[PDB]
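Overview (structure and organization)
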Amino acid sequence: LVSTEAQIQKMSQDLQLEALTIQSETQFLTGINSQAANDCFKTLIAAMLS
Amino acid sequence: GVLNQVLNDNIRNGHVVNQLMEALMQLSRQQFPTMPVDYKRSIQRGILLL
């Protein structure tokens, strides 16, 4: 997989996260680890079979 | 009597850079419809640096 920080940094510079103002865009970084990716990958396929 | 890897002789006398800058200035004048203005700003500032 791609490293989390190496991609998140691109994402972060694309979003231009201002400090003062409140934004809906911080919440987009919620739950971006692996081991959930694998969790979904293992849940979906098993579900489609079952 | 010796082999040589010669350039074009339109490159040695730098003229192709005029074509290049004309294209780049056109590309600057275009919009990035899909993207915000700050990204465009960053790109075109990075182009002006050179």
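This entry, as listed in the PDB, derives from cryo-EM and reports a resolution of 5.2 Å.

**A word on the overall build of chain A**
Counting its regular elements, chain A contains two helices and zero strands. Projected onto the principal axes, the alpha-carbon positions of chain A cover approximately 50 × 20 × 15 Å. Residues counted as buried form 0% of the 50 residues belonging to chain A. A total of about 4,600 Å² of accessible surface is found on chain A, and carbon and sulfur atoms cover 59% of it.

**Brief notes about the packing of aromatic side chains**
Residue and element names in this part refer to chain B. Within the structure shown, the criterion is met by one aromatic pair over all chains. Judged by centre distance (6.1 Å) and plane angle (50°), the rings of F32 and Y39 are tilted. For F32, a relative accessible area of 28% translates into the label partly exposed.

**Some details on a nonpolar patch on the surface**
A cluster of nonpolar side chains, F41, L44, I45, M48 and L49 of chain A, forms an exposed patch at the surface whose accessible area comes to about 600 Å². Tracing the backbone through its elements, the reader meets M48 of chain A in helix 2 (residues 37–49).

**Here we look at the environment of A6 of chain A**
Within the secondary structure layout, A6 of chain A lies in helix 1 (residues 4–15). With 30 residues separating them in the primary sequence, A6 of chain A and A36 of chain A have C-alpha atoms 18 Å apart.

The rules behind the values
- Residues numbered from 1 in each chain as written, not as in the entry; some residues may be left out.
- Chains lettered and ligands numbered in written order.
- Part of a larger assembly, values for the part shown.
- Heavy atoms only, no water.
- Helix = DSSP H or I, 4+ residues; strand = E, 2+ residues; numbered from the N terminus.
- Buried < 20%, exposed > 50% of the residue type's maximum accessible area, 1.4 Å probe, protein only.
- Areas by Shrake-Rupley, 256 points an atom, 1.4 Å probe, with all protein chains shown as cover.
- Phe/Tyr/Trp six-rings, centres within 6.5 Å; stacked < 30°, edge-to-face > 60°.
- Patch = residues over 30% accessible without salt bridge, like charges linked within 9 Å, V, L, I, M, F, W, Y side chains within 5 Å.
- Salt bridge = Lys/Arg side-chain N within 4 Å of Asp/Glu carboxyl O.

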